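Below: the structure, in structure tokens.
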Amino acid sequence: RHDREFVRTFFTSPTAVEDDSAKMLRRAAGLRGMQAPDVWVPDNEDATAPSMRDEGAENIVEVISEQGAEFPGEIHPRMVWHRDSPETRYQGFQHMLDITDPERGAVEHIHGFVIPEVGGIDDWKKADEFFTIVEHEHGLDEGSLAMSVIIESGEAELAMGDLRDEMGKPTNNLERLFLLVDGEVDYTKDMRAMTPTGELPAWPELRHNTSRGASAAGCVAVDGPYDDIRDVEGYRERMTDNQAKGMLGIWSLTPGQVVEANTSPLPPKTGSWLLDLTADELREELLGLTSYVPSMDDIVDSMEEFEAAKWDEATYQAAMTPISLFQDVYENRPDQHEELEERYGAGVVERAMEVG
Amino acid sequence: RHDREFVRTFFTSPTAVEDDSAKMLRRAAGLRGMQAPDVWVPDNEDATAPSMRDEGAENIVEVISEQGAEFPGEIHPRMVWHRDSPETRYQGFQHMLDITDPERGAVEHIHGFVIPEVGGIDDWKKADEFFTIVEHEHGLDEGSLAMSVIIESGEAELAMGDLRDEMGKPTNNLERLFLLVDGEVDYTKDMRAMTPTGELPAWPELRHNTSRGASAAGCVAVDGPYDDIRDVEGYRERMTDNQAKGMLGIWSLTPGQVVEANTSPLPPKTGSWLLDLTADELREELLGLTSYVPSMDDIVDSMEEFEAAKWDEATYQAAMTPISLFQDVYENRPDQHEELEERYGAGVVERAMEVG
Amino acid sequence: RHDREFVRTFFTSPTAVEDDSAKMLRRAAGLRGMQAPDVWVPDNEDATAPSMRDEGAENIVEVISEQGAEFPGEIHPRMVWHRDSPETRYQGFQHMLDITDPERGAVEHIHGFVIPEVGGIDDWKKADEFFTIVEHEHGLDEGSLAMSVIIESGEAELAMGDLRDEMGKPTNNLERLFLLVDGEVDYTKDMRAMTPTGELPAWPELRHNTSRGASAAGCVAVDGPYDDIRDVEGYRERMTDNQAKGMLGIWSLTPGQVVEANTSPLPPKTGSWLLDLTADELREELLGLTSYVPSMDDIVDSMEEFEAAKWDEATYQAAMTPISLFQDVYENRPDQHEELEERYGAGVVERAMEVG
Amino acid sequence: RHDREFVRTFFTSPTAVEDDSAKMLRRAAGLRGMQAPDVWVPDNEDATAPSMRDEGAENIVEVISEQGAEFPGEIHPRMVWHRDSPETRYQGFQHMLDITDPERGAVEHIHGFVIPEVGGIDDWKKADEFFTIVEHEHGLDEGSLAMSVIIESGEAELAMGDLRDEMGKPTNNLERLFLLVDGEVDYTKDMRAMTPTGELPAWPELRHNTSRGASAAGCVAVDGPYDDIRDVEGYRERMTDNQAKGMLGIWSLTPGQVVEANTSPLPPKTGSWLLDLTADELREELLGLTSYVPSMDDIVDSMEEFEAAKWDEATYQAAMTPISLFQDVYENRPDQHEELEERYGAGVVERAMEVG
Amino acid sequence: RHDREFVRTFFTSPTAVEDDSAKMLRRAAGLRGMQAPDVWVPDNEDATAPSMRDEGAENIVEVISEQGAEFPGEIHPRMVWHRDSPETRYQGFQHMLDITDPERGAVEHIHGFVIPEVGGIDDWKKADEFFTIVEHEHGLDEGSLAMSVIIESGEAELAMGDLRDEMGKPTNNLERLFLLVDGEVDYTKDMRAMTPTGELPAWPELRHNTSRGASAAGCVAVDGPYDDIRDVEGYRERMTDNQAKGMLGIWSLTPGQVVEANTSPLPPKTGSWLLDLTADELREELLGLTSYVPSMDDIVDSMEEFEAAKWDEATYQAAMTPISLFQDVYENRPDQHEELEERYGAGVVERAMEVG
Ligand SMILES: [Cl-]
Ligand SMILES: [Cl-]
Ligand SMILES: [Cl-]
Ligand SMILES: [Cl-]
Ligand SMILES: [Cl-]
Ligand SMILES: [Cl-]
Ligand SMILES: [Cl-]
Ligand SMILES: [Cl-]
Ligand SMILES: [Cl-]
Ligand SMILES: [Cl-]
Ligand SMILES: [Cl-]
Ligand SMILES: [Cl-]
Ligand SMILES: [Cl-]
Ligand SMILES: [Cl-]
Ligand SMILES: [Cl-]
Ligand SMILES: [Cl-]
Ligand SMILES: [K+]
Ligand SMILES: [K+]
Ligand SMILES: [K+]
Ligand SMILES: [K+]
Ligand SMILES: [K+]
Ligand SMILES: [K+]
Ligand SMILES: [K+]
Ligand SMILES: [K+]
Ligand SMILES: [K+]
Ligand SMILES: [K+]
Ligand SMILES: [K+]
Ligand SMILES: [K+]
Ligand SMILES: [K+]
Ligand SMILES: [K+]
Ligand SMILES: [K+]
Ligand code: NA
Ligand code: NA
Ligand code: NA
Ligand code: NA
Ligand code: NA
Ligand SMILES: [Pb+2]
Ligand SMILES: [Pb+2]
Ligand SMILES: [Pb+2]
Ligand SMILES: [Pb+2]
Ligand SMILES: [Pb+2]
Ligand SMILES: [Pb+2]
Ligand SMILES: [Pb+2]
Ligand SMILES: [Pb+2]
Ligand SMILES: [Pb+2]
Ligand SMILES: [Pb+2]
Ligand SMILES: [Pb+2]
Ligand SMILES: [Pb+2]
Ligand SMILES: [Pb+2]
Ligand SMILES: [Pb+2]
Ligand SMILES: [Pb+2]
Ligand SMILES: [Pb+2]
Ligand SMILES: [Pb+2]
Ligand SMILES: [Pb+2]
Ligand SMILES: [Pb+2]
Ligand SMILES: [Pb+2]
């Protein structure tokens, strides 16, 4: 259905940083060769602060208009969307309409849009309908804008199961679907999962399911952000694990990740047989080798700080899980207040209840 | 939809032990603090012998009437049910009707009921309809009794996929759904699985799927019984694995498990950094460290014993898998009788065929 | 629904080898005891060269007519089929019709047929309808031919979810379904997966899902080919892993595998407790212990060879994945041609583009 | 699926009249020959006053036990049921359970039960489940009690469309379905229809749809009560119209209707060619020829009377339609009170508002 | 989807009359102008005796090869098919395959095929799959053969409701659907309807429903055979009634009907205002004005005759309805044998029971 049968790299850039707010886009747009992504995603949702998103959409039109023709990969900006926020949906749609105004010269270099936070199949149809309306409002060919989604809810994971048959209904244009991209960060929160370090679970079933959804429906599966940018070995191992599920693309957050991800699924240059101090302040190998499990006090410290500063929003949300749980317990189990105060001291308890 | 946004512990108690048959309930009802469950489940199904289940339902009304007001958690007794037994369904429904007679004073302290052995979504609706009828027979608010299910069949696992949309149909009241609880013990038998030791498979996909079903439908996911009560470390590791799937509650079988499970998902009191004889008859550390793989002779010994005594019923059923398989082979492969007798000796063979 | 409640072994034989083309069948038909499969599958699809498949179907009728009565297991030949090839479907159906001509004496010893490469549930119905027509064309009892399928697509994996309810519709006879068999080889290609060595991924979710589909629908789950015939230990470990998912049967490719698979799910003869040079050119233990990761040059060498000879077809297809990917990249990323030539040298590049 | 391929007559009898309350049943049970129905329906729902329905169910067991063996047609008593009343459902189920106690000797002469007021297909399943439970509670063969439904809601009319496929699901026993019977009286009220005289609309589409539902699903279609017992010509014309839709059975309310309905679909005794005072107080031919359109005053008179006496309940409900409408208008259109009082006088208005 | 946006006339011809069996086809093929149909249907099903249908399919290839190029309308032969006969389905498919052999020169003048007696939507898919296989077996363009169906069952009428969404599924090619044609003759029997004269009911709902199905799915609605060929006025009135439902085409059985039907939906040549012996043996105006209602004796006479001669088969089937009903009554109501013998005399009764 789409020109790229495989996509190796899916690279996001912030659209407006709060200087030239568009600086990140103009540089990403100059990337070439192995450093340039099969798919580049100017990112008007999680990569860009919310107060900056209207300037972000302006910057997307400015840059793609100016540099879009020369970009060697395909361009699919990510808009705002949420299955549970009609205001967010309408926002994304308004931005899409602006960005594709043919008089501004960007649309002709835009292959499609990425829609995050989608829900059940009826939510996907609402995004599709916006695509169709944008196309008709600006005289584009029907179906010419590809839609890609980020799978970051239980709901969306289940929705991939019924796609082949829903896609063929005549009341939608969902043949425009292109990529199915996992969003482990938000999926973790939607699932209310938690780990001692805050590292993301690996969610091998999700990735299996997205790979399968993609092959059943004629889409392309892509894995989510691997945000420990220094862990080049870990990134490679994830990509290899993914390739064994038939998920041959991955999200990249830097141009070095892009190079690594562009190279990983290609056959090696030479064969190999497998069988059954030292520097100085380069002992930051130990930062690589360590991880920290925070206490209640730490998490509450951190949150209090982040709330006053209002750790990015996703870190804050991840912490909110165990804290929301602590607070549900405290509200509903008066019989446990004594063991809890004794467990954490009352300083912390009452502070944990103020957080959120 | 329900008051408890999180549930950490789901603790079952037998309802009639064959002295005061209700003794286990009266003590469980006195538990407080960290030893008391978020959800307490007086258990009229697998925890209670079948000849005792009618006295069990009487005991549930006596105890909850007498001690129910003071119980710090929520009370959700488990009734009998089976997707393939209309008599069992009707039994559970009769017990539910008795237990909730408002003149007996228990119902006002009962938040809902737990229904085991459910099947496809149409079986869930049959349980729901019984709830609705009980509510109307006794003037309770419609939807005031929460329903929780145990997922212990392939059928039920698949049914979670279609819940969001089935729940909204006007011919049911399935918005009453609260917990989705895995039942690994019976699920193992429904799946006809088997292990060399008889240890339960870990069934990570089931737990993933139940976690996902819960987040898609507004329910709460809970894992099943960890019956090796001495293996406190194993219990903790399972809980941690679960938390990484977004399954933050677990079944508890003793008040010590309850303490462990009540504490596990709470943040630690202090931080930690991670990196890449001796006693005497306390060498029962070796019982902890060992496991035994039985032979055909052992299993048939055991079964013959258990059948004469008629190892609990679930152990017997687990054994029945390889034995049923041995017997299917023997009935259908006369060409294999010689290698089989030679394999086990004829003593055993003919005994294996009498078992069942 | 079917006579065999359990099936341990599913053993395929080529139907026409290009001497007596039927030689493999006549020998397989003589197997007895532990060396003989619960289910024997004369294989007219992947085990038999395509130019030989019409003689294959003749050989199936000759041998089963001659030796079929004495065969101790059940006989279910595999026909050609493909969800995306109407010509292949019609071929399989024509062969089935010939094979079951009651005047040729084979049908009375044939329990059913195996259908590979099935897709969504509507494709399964197309196979079912062919069964029904064959039955009526030859006066067989309706439903007397069992249908077994090979699950080797994402589509088919998803289709198992809706089977219980689709099976009961009156417009089909899908109660004839017997085995659900995983086909990891082709499933790997349908999923576009790849591994460094070319070893098959383990696909634990697929096997979980097929086991679950089987228990939900009254079918029997069977795992796919373990083609490293020398790795007897690996075969045993896979069977044990499978048994823990409730997949108690497995495909066997030699009579020794048949013995191993016939023995594996039976209880051991004696108990066991578990706890927490040397020869000469027998150093082929090292062939067992090694594996090779090929380079681009190797893969392209190999393919060029195989294409000229036109490594079996499935190996060729597995290689086609990374090469198809390399070629999609080359066609769409002119900006990457320099780093690619430098990576592999231009000899290889232009050769990689000729392959396919 | 059922013994009677055609059913001509469906004759209801009250079960307890408030003397021998069972008198009507004992006589109906003696009917023979053309005066006896293909299907006799001891009627514990609309034919029997609600305060009498528990004695009604007792009378059904007494009479059928005593006279049931000799009855020449099939016996299918009608139980209470309502799609919107869980208490009514449970009542019907309790009565069914009592009536079929095999120790009372009625069940062996009962072919099935008639369930009125059914809704969407999920409500039909709730009735089916009660049947299945009754069968298992009393050791009857599964599926031996036929279920017949009365179609008297929009919901039920739509439900016939999806029956063939819902009937085959393994979670129900709806193959027990036998008759689909129109209930024009209640259907009229469910549809909120009204006529100037109070005569029932003819509802030709309903009858078409029920006929079609019956042929699509292997059931038998039957039309509803023709309560103008003296209008023998009208009854014949309705039966002829019905026969032209493939609805070959009809409800009968007297033994004379039974004779007429038993005779109508049989071929005439001789052929016929078609082409393009007088007595005295026998001028009650004029009662036959007239009908009366009541005024608001009449209807309110009547209702006030009926409410004080608390015209049967169905007449009262039919009147409630225009009156409910008048009252919705009065509550919501204060701007219309003057034209309304002038239209009816205020005597009536304020009385019309007290009615209901 | 298809070239003809409207179809006025759908004219059937027998394919082999038992002289030149193909005589009827060769003449129909010469029709031109107003006497020639928009759609001509060489009819290998009900118009042709069953013993003649294999020569019929040969004749279709001979004539269309010889005269097909010059035919001014579109050619869509009707094949045999039945929802409940796998042998009939396979027959139709075999004939379709022969007829479209491109080496015989007919296919290039064949626009599609007409499939009668279709059932639920899954039966329509079975016909579609045969089309797809025929296309691929002979190198035709996929979808180039239009499929038209005859709606002559309750099942098929209900199936039109779900067509838009089923048509878009990727496992079928049902976008090939062209005409939806009512078959009142067989639909009458499927519905088990009956009239005093044997005239067909008008079935206005069916026609409404088929018209609606056609507009919902992008198909064209056509009414069924009006077999009283002399009643030119009646034919016109039916066509006008149809046009008011949006069913603008009708079946034609003679070239005069073709002229009438070709002219009816065209605007009149001049305007008109509407407002609120005589010959000799031309008194066959009375045959036009009369109709005969047969007795039991007549019908049984007739059937006995027709059975010995074995009134066409459809007349015989129509009679079978009341007779099947009489026989169900006689088998099940021994209490009615006396009134029945008295009603018809025993001569007739026992004869009525031998018929069938
Ligand atoms: Cl919303
Ligand atoms: Cl959603
Ligand atoms: Cl993919
Ligand atoms: Cl059941
Ligand atoms: Cl079930
Ligand atoms: Cl949860
Ligand atoms: Cl295809
Ligand atoms: Cl498919
Ligand atoms: Cl899944
Ligand atoms: Cl299985
Ligand atoms: Cl209700
Ligand atoms: Cl309803
Ligand atoms: Cl009928
Ligand atoms: Cl059939
Ligand atoms: Cl059908
Ligand atoms: Cl039309
Ligand atoms: K579409
Ligand atoms: K569309
Ligand atoms: K994939
Ligand atoms: K609901
Ligand atoms: K409800
Ligand atoms: K969860
Ligand atoms: K079926
Ligand atoms: K069938
Ligand atoms: K299984
Ligand atoms: K059923
Ligand atoms: K059933
Ligand atoms: K209405
Ligand atoms: K009918
Ligand atoms: K299609
Ligand atoms: K298609
Ligand atoms: Na490019
Ligand atoms: Na509490
Ligand atoms: Na055997
Ligand atoms: Na009888
Ligand atoms: Na033409
Ligand atoms: Pb939501
Ligand atoms: Pb997001
Ligand atoms: Pb695929
Ligand atoms: Pb602090
Ligand atoms: Pb079951
Ligand atoms: Pb259980
Ligand atoms: Pb969610
Ligand atoms: Pb022993
Ligand atoms: Pb496909
Ligand atoms: Pb294959
Ligand atoms: Pb099961
Ligand atoms: Pb080379
Ligand atoms: Pb309602
Ligand atoms: Pb009613
Ligand atoms: Pb039918
Ligand atoms: Pb008055
Ligand atoms: Pb049928
Ligand atoms: Pb026909
Ligand atoms: Pb339309
Ligand atoms: Pb005669």
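Residue numbering restarts at 1 in every chain; chains get A, B, ... in the order shown in the structure tokens, and ligands count up from 1 in that same order.
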
Write out as a PyMOL selection string each polymer residue whose atoms come within 6 Å of stretch 150-157 of chain B, counting only C-alpha atoms; drop sequence neighbours fewer than 5 positions from it. (chain B and resi 116-117+119-120+181-183+186-187+190) or (chain C and resi 212+216)

Return the neighbours of chain B among the residues of chain D, cut-off 7 Å, counting only C-alpha atoms, as a PyMOL selection string. chain D and resi 86-87+90+122-123+126+132-133+136-137+171

Sel. of alpha helix (DSSP H) residues, stretch 38-266 of chain B, as an MDAnalysis selection string: chainID B and resid 53:67 86:99 121:137 154:159 163:167 184:190 204:217 232:243 255:263

Requested write-out: C-alpha atoms of the selected residues, as a tab-separated table (two decimals), in the first residue's frame:
```
chain	number	residue	atom	x	y	z
B	53	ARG	CA	-20.61	-25.92	50.75
B	54	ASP	CA	-24.14	-25.51	51.93
B	55	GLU	CA	-22.90	-25.05	55.53
B	56	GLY	CA	-20.28	-22.80	54.08
B	57	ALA	CA	-22.82	-20.39	52.72
B	58	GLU	CA	-24.59	-20.37	56.15
B	59	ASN	CA	-21.25	-19.64	57.81
B	60	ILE	CA	-20.66	-16.77	55.43
B	61	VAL	CA	-23.90	-15.17	56.46
B	62	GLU	CA	-23.19	-15.83	60.28
B	63	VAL	CA	-19.75	-14.37	60.29
B	64	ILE	CA	-20.16	-11.43	58.09
B	65	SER	CA	-23.34	-10.51	59.96
B	66	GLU	CA	-21.41	-10.73	63.27
B	67	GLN	CA	-18.00	-9.33	62.26
B	86	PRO	CA	-25.66	-25.71	34.69
B	87	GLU	CA	-26.15	-27.31	38.14
B	88	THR	CA	-23.09	-25.55	39.49
B	89	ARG	CA	-24.26	-22.23	38.13
B	90	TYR	CA	-27.67	-22.59	39.72
B	91	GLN	CA	-26.01	-23.62	43.04
B	92	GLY	CA	-23.91	-20.48	43.07
B	93	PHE	CA	-26.83	-18.37	42.28
B	94	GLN	CA	-28.92	-20.01	45.14
B	95	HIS	CA	-26.12	-19.34	47.58
B	96	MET	CA	-25.83	-15.78	46.47
B	97	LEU	CA	-29.49	-15.23	46.92
B	98	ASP	CA	-29.37	-16.63	50.54
B	99	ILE	CA	-26.28	-14.71	51.48
B	121	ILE	CA	-18.38	-13.72	27.15
B	122	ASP	CA	-21.83	-15.24	26.93
B	123	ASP	CA	-21.13	-17.29	30.11
B	124	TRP	CA	-20.10	-13.99	31.90
B	125	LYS	CA	-23.47	-12.57	30.97
B	126	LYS	CA	-25.25	-15.53	32.64
B	127	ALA	CA	-23.44	-14.67	35.88
B	128	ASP	CA	-24.29	-11.04	35.49
B	129	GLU	CA	-27.94	-11.83	35.00
B	130	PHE	CA	-27.90	-13.74	38.35
B	131	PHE	CA	-26.39	-10.80	40.00
B	132	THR	CA	-29.08	-8.52	38.62
B	133	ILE	CA	-31.84	-10.92	39.74
B	134	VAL	CA	-30.38	-11.16	43.31
B	135	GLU	CA	-30.24	-7.40	43.50
B	136	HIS	CA	-33.86	-7.04	42.44
B	137	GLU	CA	-35.06	-9.95	44.60
B	154	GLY	CA	-8.61	-20.41	27.34
B	155	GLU	CA	-12.13	-19.29	26.66
B	156	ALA	CA	-12.11	-16.73	29.39
B	157	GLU	CA	-8.69	-15.39	28.36
B	158	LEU	CA	-10.07	-14.79	24.83
B	159	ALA	CA	-13.24	-13.27	26.28
B	163	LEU	CA	-15.26	-6.89	26.98
B	164	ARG	CA	-15.32	-3.11	26.44
B	165	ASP	CA	-17.90	-3.27	23.79
B	166	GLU	CA	-19.93	-6.16	25.29
B	167	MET	CA	-20.06	-4.29	28.66
B	184	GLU	CA	-3.22	-20.54	37.15
B	185	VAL	CA	-4.06	-23.78	38.88
B	186	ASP	CA	-7.21	-24.55	36.93
B	187	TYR	CA	-6.01	-22.71	33.80
B	188	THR	CA	-3.16	-25.18	33.65
B	189	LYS	CA	-5.56	-28.05	33.55
B	190	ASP	CA	-7.89	-26.34	31.06
B	204	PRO	CA	3.51	-14.92	31.41
B	205	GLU	CA	1.18	-14.38	28.45
B	206	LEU	CA	-1.87	-15.04	30.45
B	207	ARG	CA	-0.81	-12.44	32.93
B	208	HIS	CA	0.01	-9.97	30.22
B	209	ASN	CA	-3.36	-10.57	28.64
B	210	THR	CA	-5.25	-10.17	31.93
B	211	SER	CA	-3.39	-6.97	32.73
B	212	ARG	CA	-4.21	-5.69	29.28
B	213	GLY	CA	-7.86	-6.77	29.55
B	214	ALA	CA	-8.10	-4.92	32.78
B	215	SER	CA	-6.73	-1.65	31.50
B	216	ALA	CA	-8.87	-1.83	28.35
B	217	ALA	CA	-11.99	-2.39	30.27
B	232	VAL	CA	8.93	-16.02	50.35
B	233	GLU	CA	11.63	-15.04	47.94
B	234	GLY	CA	9.85	-16.68	45.00
B	235	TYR	CA	6.62	-14.87	46.04
B	236	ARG	CA	8.37	-11.54	46.00
B	237	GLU	CA	9.94	-12.21	42.59
B	238	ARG	CA	6.54	-13.16	41.12
B	239	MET	CA	5.03	-9.97	42.50
B	240	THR	CA	7.84	-7.90	41.00
B	241	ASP	CA	7.44	-9.67	37.62
B	242	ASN	CA	3.68	-9.00	37.85
B	243	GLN	CA	4.20	-5.33	38.67
B	255	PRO	CA	-1.70	-13.80	56.65
B	256	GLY	CA	2.06	-13.72	56.14
B	257	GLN	CA	1.55	-13.70	52.39
B	258	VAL	CA	-0.91	-10.89	52.97
B	259	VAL	CA	1.76	-8.89	54.76
B	260	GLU	CA	4.29	-9.59	52.01
B	261	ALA	CA	1.83	-8.72	49.24
B	262	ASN	CA	0.61	-5.63	51.07
B	263	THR	CA	4.17	-4.39	51.31
```

Taking 3 positions as the minimum chain separation for residues in the same chain, which residues sit within 8 Å of residue D:220 when counting only C-alpha atoms? Answer as a ChimeraX atom specification. /D:5-7,178-180,211,214-215,247

Filtering to N, CA, C and O atoms, could you give me those residues as a PDB file, in the first residue's frame?
```pdb
ATOM      1  N   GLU D   5     -43.962 -30.138  12.024  1.00  0.00           N
ATOM      2  CA  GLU D   5     -43.442 -29.353  10.947  1.00  0.00           C
ATOM      3  C   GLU D   5     -44.369 -28.196  10.691  1.00  0.00           C
ATOM      4  O   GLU D   5     -43.903 -27.138  10.334  1.00  0.00           O
ATOM      5  N   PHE D   6     -45.684 -28.374  10.873  1.00  0.00           N
ATOM      6  CA  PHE D   6     -46.626 -27.280  10.802  1.00  0.00           C
ATOM      7  C   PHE D   6     -47.437 -27.211  12.064  1.00  0.00           C
ATOM      8  O   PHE D   6     -47.675 -28.230  12.664  1.00  0.00           O
ATOM      9  N   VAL D   7     -47.871 -26.017  12.448  1.00  0.00           N
ATOM     10  CA  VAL D   7     -48.737 -25.832  13.583  1.00  0.00           C
ATOM     11  C   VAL D   7     -49.817 -24.916  13.105  1.00  0.00           C
ATOM     12  O   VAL D   7     -49.526 -23.820  12.662  1.00  0.00           O
ATOM     13  N   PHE D 178     -38.699 -23.261  18.770  1.00  0.00           N
ATOM     14  CA  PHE D 178     -39.692 -23.944  18.026  1.00  0.00           C
ATOM     15  C   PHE D 178     -40.574 -22.916  17.333  1.00  0.00           C
ATOM     16  O   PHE D 178     -40.397 -22.696  16.129  1.00  0.00           O
ATOM     17  N   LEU D 179     -41.487 -22.280  18.054  1.00  0.00           N
ATOM     18  CA  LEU D 179     -42.351 -21.282  17.473  1.00  0.00           C
ATOM     19  C   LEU D 179     -41.929 -19.839  17.703  1.00  0.00           C
ATOM     20  O   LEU D 179     -41.549 -19.448  18.811  1.00  0.00           O
ATOM     21  N   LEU D 180     -42.138 -19.030  16.662  1.00  0.00           N
ATOM     22  CA  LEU D 180     -42.020 -17.597  16.747  1.00  0.00           C
ATOM     23  C   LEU D 180     -43.431 -17.039  16.597  1.00  0.00           C
ATOM     24  O   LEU D 180     -44.011 -17.098  15.502  1.00  0.00           O
ATOM     25  N   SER D 211     -42.434 -14.477   9.735  1.00  0.00           N
ATOM     26  CA  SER D 211     -42.384 -15.525   8.731  1.00  0.00           C
ATOM     27  C   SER D 211     -41.001 -15.744   8.145  1.00  0.00           C
ATOM     28  O   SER D 211     -40.517 -16.884   8.095  1.00  0.00           O
ATOM     29  N   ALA D 214     -38.607 -17.138  10.710  1.00  0.00           N
ATOM     30  CA  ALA D 214     -38.858 -18.530  10.945  1.00  0.00           C
ATOM     31  C   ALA D 214     -38.228 -19.400   9.856  1.00  0.00           C
ATOM     32  O   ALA D 214     -37.589 -20.375  10.146  1.00  0.00           O
ATOM     33  N   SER D 215     -38.373 -19.030   8.605  1.00  0.00           N
ATOM     34  CA  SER D 215     -37.794 -19.831   7.568  1.00  0.00           C
ATOM     35  C   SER D 215     -36.238 -19.757   7.557  1.00  0.00           C
ATOM     36  O   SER D 215     -35.596 -20.725   7.202  1.00  0.00           O
ATOM     37  N   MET D 247     -47.090 -17.609   6.993  1.00  0.00           N
ATOM     38  CA  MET D 247     -47.443 -17.744   8.414  1.00  0.00           C
ATOM     39  C   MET D 247     -48.740 -18.575   8.483  1.00  0.00           C
ATOM     40  O   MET D 247     -49.849 -18.072   8.306  1.00  0.00           O
TER      41      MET D 247
END
```

Which of D:3, D:348, D:19, D:28 sits closest to residue D:219 [using only C-alpha atoms]: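 Closest candidate: D:3.
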
Two-atom distance - atom CA of residue E:350, atom CA of residue E:326 (Å):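 Computing the Euclidean distance for atom CA of residue E:350 and atom CA of residue E:326 yields 11.1 Å.
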
Report, in Å with one decimal, the straight-line distance from atom CA of residue E:249 to atom CA of residue E:230.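 Calculated distance between atom CA of residue E:249 and atom CA of residue E:230 is 19.4 Å.
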
Give me, please, the distance in Å between atom CA of residue B:110 and atom CA of residue B:145, quoted to one decimal.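 Spanning atom CA of residue B:110 to atom CA of residue B:145 is a straight-line distance of 7.8 Å.
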
Find the spatial neighbours of residue E:196, counting only C-alpha atoms, within a cut-off of 8 Å - ignore same-chain residues fewer than 3 positions away - and output them as a PyMOL selection string. chain E and resi 199+293-294

Could the residues in this selection be written to a file with N, CA, C and O atoms, as a PDB file, in the first residue's frame?
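Result written to out-v3.pdb:
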```
ATOM      1  N   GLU E 199     -51.655 -18.287  -7.534  1.00  0.00           N
ATOM      2  CA  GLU E 199     -50.994 -17.033  -7.879  1.00  0.00           C
ATOM      3  C   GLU E 199     -49.916 -16.752  -6.815  1.00  0.00           C
ATOM      4  O   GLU E 199     -50.092 -17.089  -5.639  1.00  0.00           O
ATOM      5  N   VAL E 293     -59.851 -21.858  -7.932  1.00  0.00           N
ATOM      6  CA  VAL E 293     -59.382 -22.338  -6.660  1.00  0.00           C
ATOM      7  C   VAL E 293     -59.583 -23.839  -6.604  1.00  0.00           C
ATOM      8  O   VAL E 293     -60.732 -24.293  -6.441  1.00  0.00           O
ATOM      9  N   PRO E 294     -58.500 -24.632  -6.717  1.00  0.00           N
ATOM     10  CA  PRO E 294     -58.677 -26.090  -6.635  1.00  0.00           C
ATOM     11  C   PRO E 294     -59.018 -26.718  -5.260  1.00  0.00           C
ATOM     12  O   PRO E 294     -58.782 -26.148  -4.194  1.00  0.00           O
TER      13      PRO E 294
END
```

Residues near residue D:355, cut-off 12 Å, only C-alpha atoms, skip fewer than 3 positions along chain, as a PyMOL selection string: chain D and resi 296-297+299-308+316-317+319-324+326-327+348-352

Based on the backbone DSSP call, show me all residues of stretch 242-339 of chain A assigned strand (DSSP E or B), as a PyMOL selection string. chain A and resi 249-252+272-275+290-293

Can you pull out every residue within 8 Å of residue B:100, counting only C-alpha atoms, but drop anything in the same chain fewer than 5 positions away, and send it as a count of residues only? 4
